[PDB]
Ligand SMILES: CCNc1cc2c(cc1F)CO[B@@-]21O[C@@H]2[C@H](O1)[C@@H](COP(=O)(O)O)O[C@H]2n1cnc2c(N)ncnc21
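Take a look at this single chain in structure tokens; it is the form deposited without the named molecule.
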């Protein structure tokens, strides 16, 4: 049970431009979406970027009405069982080629977003594209911090990584930016101490859902427990997201 977030690709990175050009696809007219799976549609307000893996060869698929989806074959295969055994993508594109593309992420209050790398993004789970909410996701916060620290090493620009984080969810136990708090209280120094992070992912999901209050959006002031299904429905209604299982 996942929610597939349609992240609109607005301007493609220079080396991708050639490929799209050579394959007759144009990002300015057609809608080209990176599809990222999430279990927390209520946190979509706090998106600061978008994650893809440099090591994954993504497919570009035709979804109809001039919509195109960038994901993995296996991810797309699911989005259709709701009648083929295999769907040939129009062409494939490596993750590295997409880094630095500008994007518009649904509901995100942060502007001028970009596609950034994360090497540990799986090919066998979800869509190959990952959501980034550093305020409420410890994993995201830690990866963000790394990219900010070693931009040359990861092949990005320091400006691309948004470091001003606006609070989305208030919690009793952890305050307004629970990922920041949990990374700090549990002394998570890097994305390498994997014990404290797996513990942190759990605690953040629990308090966020059960003791969380929205600080932003249509349902500002509501318990997350109540707001979550309502925010989900809105995005689906607005054609910004859709349901997808495995």
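Positions refer to the first chain, counted from 1. Between two forms, the rigid core is the largest collection of C-alphas that superpose within 1.5 Å.
- A chain break between residue 82 and residue 83 is present, corresponding to 4 to 9 residues of the deposited sequence without coordinates.
- Taking the mean C-alpha B-factor of each stretch as recorded, 93-101 and 162-170 are not equal, and the higher mean is that of 162-170.
- Taking the PDB entry as given, 152-160 carries the higher mean Cα B factor of the two stretches 152-160 and 126-134.
- Highest CA B-factor among the listed residues (47, 213, 38, 199): 199.
- Ranking 187, 177, 55, 31 by the C-alpha B-factor listed in the PDB entry places 187 at the top.
- When the modelled residues of the chain are ordered by their C-alpha B factor, residue 141 lands in the middle third.
- Remark: residue 228 belongs to the lowest third of its chain, ranked by C-alpha B-factor as recorded.
- In the PDB entry, a CA B factor belonging to the middle third of its chain's modelled residues is recorded for residue 65.
- For residue 112, the recorded CA B-factor ranks within the middle third of the chain. Only modelled residues enter the ranking.
- Placement of the Cα temperature factor of residue 208 within the chain: middle third of the modelled residues, per the deposited record.
Quick note: we don't show the form solved in complex with the named molecule, though the next part is all about it.
- At the 4.5 Å threshold, heavy atoms of residue 84 stay clear of the named molecule in the bound PDB entry, well away from it.
- Although the partner is absent here, residue 183 lies well away from the named molecule in the bound PDB entry, with no heavy atom inside 4.5 Å.
- Contact check for residue 122: a heavy atom falls within 4.5 Å of the named molecule in the bound PDB entry.
- Heavy atoms of residue 44 reach within 4.5 Å of the named molecule in the bound PDB entry, making it an interface residue.
- Residue 131 is the only one of 131, 162, 171, 97 with a heavy atom lying within 4.5 Å of the named molecule in the bound PDB entry.
- Of the listed positions (188, 37, 50, 32), a single one reaches within 4.5 angstroms of the named molecule by any non-hydrogen atom in the bound PDB entry, namely 37.
- Exactly one of the stretches 23-31, 213-221, 60-68, 199-207 approaches the named molecule in the bound PDB entry with heavy atoms within 4.5 Å, and it is 199-207.
- Of the residues in 1-35, only 2 comes within 4.5 Å of the named molecule in the bound PDB entry through at least one heavy atom.
- With the core superposed, residue 62 shows a C-alpha displacement below 2 Å between the shown form and the other one.
- Once the cores line up, the CA of residue 196 ends up 2 angstroms or more apart between the shown form and the other one.
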